[PDB]
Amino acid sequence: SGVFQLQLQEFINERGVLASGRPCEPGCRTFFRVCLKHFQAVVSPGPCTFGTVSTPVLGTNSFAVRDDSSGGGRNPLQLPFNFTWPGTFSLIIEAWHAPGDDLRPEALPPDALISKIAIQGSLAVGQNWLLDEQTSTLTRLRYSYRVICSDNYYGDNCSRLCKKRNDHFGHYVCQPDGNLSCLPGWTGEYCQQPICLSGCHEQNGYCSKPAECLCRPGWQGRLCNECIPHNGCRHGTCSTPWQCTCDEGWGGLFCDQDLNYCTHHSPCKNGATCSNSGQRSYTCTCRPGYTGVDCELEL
């Protein structure tokens, strides 16, 4: 399958005459009918096996085709086809005069024909336009053509569908041959599998988006490689999840029992000496001249 494209570039008709030799009135308002068919050795009537396409009026007498027009460089004529491109082809381009605004073949008399141009060709699929020119009796047509794949199709038979996407169902662009290429951060057959933050822990962390690391229960840190201590744990750490290994100077299952109230709180004042107590928290031994709970009162 594919699409035959045809550009019409320039048409010369300096006498402004029909194929009959009679002058167009008031000038040749020129449109084109295009018939594309399978190659045959001798030009003979028969159906247009690749189809027909027609243009509006593109100019009068002699003219260069504007880029906007159907047939111009930015809007070429297109004949799509579903079967195998046979390489060789016969192409018929008819220049017609429009005596009015009705371009249908039923409205036109047969002597409105300006010229009939037959082209025998052989072409491979590809992006390059082949330029050519045909001079009839008193007219001349410059045109160019090529065969390409319809949009998002690739391969010499245009059988490979690729269209880029960046959503929940895939993250990729299309290479020239129609094969996926993943956007950065993604892998998997259809570029749906995220690549986690480098270092993400293979058991304790995972990702759903590229370059993140989500932790499984009991783990923390950017790489999900650090255990979480027990929910009640105070002055304690862990090696594996939910432990509570007390810091130096603390005890209990939740590492909240102060094993050195004196150092951790420094209650005593005026240079007194602190000692721990299980009944009263601590005791301050005053220097000479001081009294009180914390030796804060001067004797």
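We number the residues from 1 along the sequence you see.
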| item | value |
| --- | --- |
| Mean C-alpha temperature factor, higher of 187-195 and 121-129 | 121-129 |
| Higher-B stretch (mean Cα B-factor, as the entry records it), 258-266 or 48-56 | 258-266 |
| Identity of residue with top Cα B-factor, from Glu94, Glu202, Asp102, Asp111 | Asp102 |
| Among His171, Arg160, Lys209, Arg216 - the residue whose C-alpha B-factor is largest in the record | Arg160 |
| CA B-factor ranking of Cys24, expressed as a third of its chain | middle |
| CA B-factor placement of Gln40, once the chain's modelled residues are sorted into thirds | highest |
| Third of the chain's Cα B-factor distribution that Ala272 belongs to, per the entry | highest |
| Chain-relative CA temperature factor third for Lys116 | lowest |
| Cα B factor band for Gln78 (lowest, middle or highest third within the chain) | lowest |
